[PDB]
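Reading the structure
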Amino acid sequence: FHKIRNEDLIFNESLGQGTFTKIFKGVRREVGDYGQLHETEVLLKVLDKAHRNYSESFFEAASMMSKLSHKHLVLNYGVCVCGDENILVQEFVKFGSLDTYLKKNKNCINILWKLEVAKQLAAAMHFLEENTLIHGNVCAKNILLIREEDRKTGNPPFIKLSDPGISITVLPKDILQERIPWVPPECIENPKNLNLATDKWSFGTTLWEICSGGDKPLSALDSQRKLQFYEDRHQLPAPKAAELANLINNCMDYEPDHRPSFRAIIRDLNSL
Ligand SMILES: N#Cc1ccc(Nc2nc(N)n(C(=O)Nc3ccccc3)n2)cc1
């Protein structure tokens, strides 16, 4: 990771928080191409000082993403580890996370929008699967909307997958349980079961989010009831707009070996 000086970063408004992290809009002063000076909008992800022990997993998350280059994977500019802070410096995506975009735009997002976003996510996960790289935290909050759909120009929406954050292989047990049903049942049983098949399950959950206008599946269940949901081998309800319901359940297969490759997922998406 390229090291960025604290003096070159300006922290502006908070944009929320993630697991043991706080998120800020910021500005990076930098010398760019041809020696031109730029003041670039950036997304600054700050690991909580009280959780500095998760720094290696905080940064191994992004670093994996950033050893590969792909149009659907978020760009990391570098890190700032001056002083006591652990900061990931990331491209700033105009329209933020998909989970909140889906909510604020329910009565405006149709099946063709959801299908194109689903295809793009499948393309990014296919690229990861071909490179045998595990993401570990596929969810709507981790999908960034680069570009809105512009019907008047034929332009589809364009999304990127963000970095996974601290791995579920080191997170507290209660956080993992609150992440049901994104975290697969085999990883609730044993977090060290994290596997390429993990992302197939979470991709199913993420499609459910995309089809459900920002609702969180099982949000009404507390952690104990979510565990029992897995113990009784339940599937999620079909979204009202059920066009993707079969793919969702096919991906969320309690047998990890039976979950379809992302190539087959793309083939099924292209038939709708
Ligand atoms: N209101 C508003 C707003 C919020 C965010 C953004 N933009 C933006 N750009 C990036 N790269 N982003 C994230 O990686 N986010 C994130 C993902 C997971 C966990 C925590 C944060 N988020 C733009 C607008």
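1. Quick look at the domain arrangement of the chain
Taken as a whole, the chain is organised into domain 1 (1-92) and domain 2 (93-272). Taking only C-alpha atoms, the centre of domain 1 and the centre of domain 2 are 24 Å apart. Counting residues at the interface gives 23 residues for domain 1 and 27 residues for domain 2. Put simply, the parts of the chain that give the side of domain 1 that touches domain 2 at least two residues each are β3 (37-47), α1 (55-67) and β5 (87-91). For the side of domain 1 that touches domain 2, the leading source of residues is α1, giving six residues. A class-by-class count of the residues in the side of domain 1 that touches domain 2 yields 14 nonpolar, six polar and three charged.

2. A short note on helix α3 (residues 111-130)
The end-to-end C-alpha distance of α3, which contains 20 residues, comes to 28 Å, matching closely the 28 Å that a straight helix rising 1.5 Å per residue would cover. The backbone nitrogen of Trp113 has a side-chain oxygen 2.8 Å away, supplied by the residue at the start of α3, namely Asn110.

3. Concerning the sheet that holds β5
Ordered by their spatial adjacency, five strands build an open sheet running β1-β2-β3-β5-β4, and the pairing between neighbours is antiparallel. Unpaired on one side and paired on the other, β1 (9-18) and β4 (76-80) mark the two borders of the sheet. Adjacent strand axes in the sheet meet at a mean angle of 30°, parallel and antiparallel pairs treated alike.

Reading the values: rules and limits
- Residues numbered from 1 in each chain as written, not as in the entry; some residues may be left out.
- Heavy atoms only, no water.
- Residues with missing side-chain atoms left out of burial classes, pairs and counts.
- Domains from an automatic or database assignment.
- Contact = heavy atoms within 4.5 Å.
- Helix = DSSP H or I, 4+ residues; strand = E, 2+ residues; numbered from the N terminus.
- Nonpolar A, V, L, I, M, F, W, Y, C, P; charged D, E, K, R; others polar.
- Expected span 1.5 Å × (residues − 1).
- Polar contact = N/O pair within 3.5 Å; in protein donor to acceptor, adjacent residues only side chain to side chain.
- Pairing = 2+ DSSP bridges.
- Axes fitted to C-alpha atoms, helices over the stretch in contact; angles between N-to-C directions.

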